[PDB]
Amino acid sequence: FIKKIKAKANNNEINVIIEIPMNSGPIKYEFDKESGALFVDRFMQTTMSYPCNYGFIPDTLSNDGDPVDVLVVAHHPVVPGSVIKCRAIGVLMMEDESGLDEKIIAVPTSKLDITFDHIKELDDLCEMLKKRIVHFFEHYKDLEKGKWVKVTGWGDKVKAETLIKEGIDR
């Protein structure tokens, strides 16, 4: 199914296949590219869990050979393997032990969740929500030897849009 979902349904939206639902315990899942199966990547050893629904845009390629990764801000978790129709609003800038690490910040389209309609940019998101996202990524690998993540900042909507465009065209 992953090879036949489009990256974008229209000009304004992106399709994001969820791998890890918000607040759903210690399991990190990842889709295997060459089989389409959902693999357990890790039983996490902290008490932490994802601050948003996490997944990727199908039919995309980042610089690292992986699809473009997305954090979908939502009011509720969604099952792994399900697709949320979203719009990009910004990007989370990070660095891990192997270099640059960017995630798109997206919200569901208004036909899925009208309460996000007024959310157009990162500045419209709750400060504590953003602090919590930062805290999660800066700390979720603290007990994992060899691996770390540092947040460097945020990028705007235009940056999110160009990165997704670059991932579709690459």
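Don't overthink the numbering: it's just position in the shown sequence, from 1.
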Open item on the list: So, looking at the entry's B-factor column for Cα atoms, which has the higher mean, 41 to 49 or 113 to 121?
Closed with: 113 to 121
- [ ] Name the higher of the two by mean Cα B-factor in the PDB entry, 20 to 28 versus 143 to 151.
- [x] 143 to 151
Task: Candidate residues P58, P108, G55, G65, the one whose C-alpha B factor the record puts highest - done: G65
Task: Lowest, middle or highest third - CA B-factor, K33 - done: highest
- [ ] Would you mind checking where the Cα B-factor of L100 ranks among the modelled residues of its chain, as the lowest, middle or highest third?
- [x] highest
